[PDB]
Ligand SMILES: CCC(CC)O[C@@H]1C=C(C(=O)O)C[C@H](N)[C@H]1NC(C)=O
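Okay, so here's just one chain, in structure tokens, the form solved without this ligand.
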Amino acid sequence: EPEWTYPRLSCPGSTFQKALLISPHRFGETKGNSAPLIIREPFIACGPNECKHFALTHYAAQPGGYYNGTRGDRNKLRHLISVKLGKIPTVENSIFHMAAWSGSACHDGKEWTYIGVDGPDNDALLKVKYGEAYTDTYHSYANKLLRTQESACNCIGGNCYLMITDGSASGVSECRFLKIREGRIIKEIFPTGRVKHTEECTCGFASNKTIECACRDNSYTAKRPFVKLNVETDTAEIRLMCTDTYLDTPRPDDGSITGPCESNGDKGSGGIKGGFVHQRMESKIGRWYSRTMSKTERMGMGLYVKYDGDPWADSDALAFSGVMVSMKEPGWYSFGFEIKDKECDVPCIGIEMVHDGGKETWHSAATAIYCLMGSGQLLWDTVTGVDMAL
């Protein structure tokens, strides 16, 4: 007491449903009296007792006078913040963890590990925090743009596993994994296989033995690089997802990429972080994923699922499981996370819904949550409700 946490069997269920919308800019009107933080790249991570809603803030509020620059990704002001999930992340509700323009976090059963990358592009620095204490750092190994998941890391028996990558956004970016224990990096993991470009991995436990991630290739393909990480041997291998249902944005028509599973295909350049989460059952594994409704634009978000098989080798289309966000609403980064029920884990997907009015106004996001619950089919979609002119 407290004990290390481990992945458990998932809670019973067979469909996702609309759970919760965090839409702080519903309160950002000039007529209003609130101060929602301007953010992007939200994610959620849960421990034994609570869930935290994290994001990267531009250290500015709406309404405010610092909108200029909020459409960019990196600067000296960007910070990793969080609130307890369900609270509106305002100036006062939020806590500022560390300076960061790329982030992650995960609870190991005893304490929170927070991860923030900042610094100049060519020599950025990953900083590790354990509770209140800054405990370790890790250096840029390709001197291009060291960065991390923008979603939860994953802990088992006190060992927290984290994806990082470094390299050109439009070229080679070979990722690695760090094994972090009580805030200190105790092992590096160098993946083999199809390693050309892997970033913004969304990772979870397929079992006590294996972590899988669905990631983004920003240069070469609209198929998602798919990591299989063995946590017993601390080794990782990556291959493209073979599914005809290409999960990236942009992407070509489903199934249109000819040749073997590793064929890159058309419209590979560009990308989006994608949602992915495991439903671990006694004798099968459900893999849930999300992608935009639009093939080319960050609009809408659909849910998909496949049980079992080998994602590296199966071209089978994923089963379309419902519209979480209609194509009329923005659908940007998405991520997986799991909530800890008393005796089982509940898989969820979160969706960043960015308010984009161009660089001439503020630029921020709402966060929508869908979770496995009950049976049947997914019933309702999510709108942000935000009018950017107000």
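In case it trips you up, residue 1 is the first one in the sequence shown, and so on.
Q: Could you check the entry and say whether 22-30 or 66-74 has the higher mean CA B-factor?
A: Higher mean C-alpha B-factor in the PDB entry: 66-74.
Q: Do the C-alpha atoms of 308-316 or of 110-118 have the higher average B factor in the entry?
A: Higher mean C-alpha B-factor: 308-316.
Q: By the entry's C-alpha temperature factors, tell me which of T245, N154, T90, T235 sits highest.
A: So the option with the highest C-alpha B-factor is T235.
Q: Pick out which of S94, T135, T292, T202 has the highest C-alpha B-factor in the PDB entry.
A: It is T135.
Q: Ordered by C-alpha B-factor within the chain, which third holds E338? Give me lowest, middle or highest, please.
A: Lowest third of the chain for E338's C-alpha B-factor.
Q: Please rank the C-alpha B-factors of the chain's modelled residues and tell me whether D266 sits in the lowest, middle or highest third.
A: Highest third.
Q: Tell me, lowest, middle or highest third: where does the Cα B factor of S14 rank within its chain?
A: Lowest third of the chain for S14's C-alpha B-factor.
Q: Going by the recorded CA B-factors, say which third of the chain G259 sits in, lowest, middle or highest.
A: CA B-factor rank for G259: highest third.
Q: Lowest, middle or highest third of the chain for the C-alpha temperature factor of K359?
A: Within its chain, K359 is a highest-third residue by C-alpha B-factor, going by the deposited values.
The form solved in complex with this ligand exists for this protein as well; it is not shown, and the discussion that follows is about that form.
Q: Quick check on this chain: which one of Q279, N218, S82, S140 has a heavy atom within 4.5 Å of this ligand in the deposited complex?
A: Contact check passes for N218.
Q: Let me know the one among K196, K179, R74, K127 whose heavy atoms come within 4.5 Å of this ligand in the deposited complex, would you?
A: Residue within 4.5 Å of the partner: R74.
Q: Out of 259-267, 182-190, 145-153, 221-229, where are the residues with a heavy atom within 4.5 Å of this ligand in the deposited complex?
A: Result of the contact check: 145-153.
Q: For the spot marked by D248, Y289 and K306, is every residue within 4.5 Å of this ligand in the deposited complex through some heavy atom?
A: The answer is no; none of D248, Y289 and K306 reaches this ligand.
Q: Considering non-hydrogen atoms and a 4.5 Å limit, does this ligand approach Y333 in the deposited complex?
A: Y333: contacts this ligand in the deposited complex.
Q: According to a 4.5 angstroms non-hydrogen atom cut-off, is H53 in contact with this ligand in the deposited complex?
A: So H53 does not count as contacting this ligand.
Q: Check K110 for me: does it contact this ligand in the deposited complex (non-hydrogen atoms, 4.5 angstroms)?
A: Close contact is absent here: in the deposited complex, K110 is far from this ligand, nothing within 4.5 Å, heavy atoms only.
Q: In the deposited complex, is there a heavy atom of this ligand that lies within 4.5 Å of any heavy atom of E41, even though the partner is absent here?
A: Yes.
Q: With this ligand taken in the deposited complex, which residues across 164-183 come within 4.5 angstroms through any non-hydrogen atom?
A: Heavy-atom contacts within 4.5 Å come from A169 alone.
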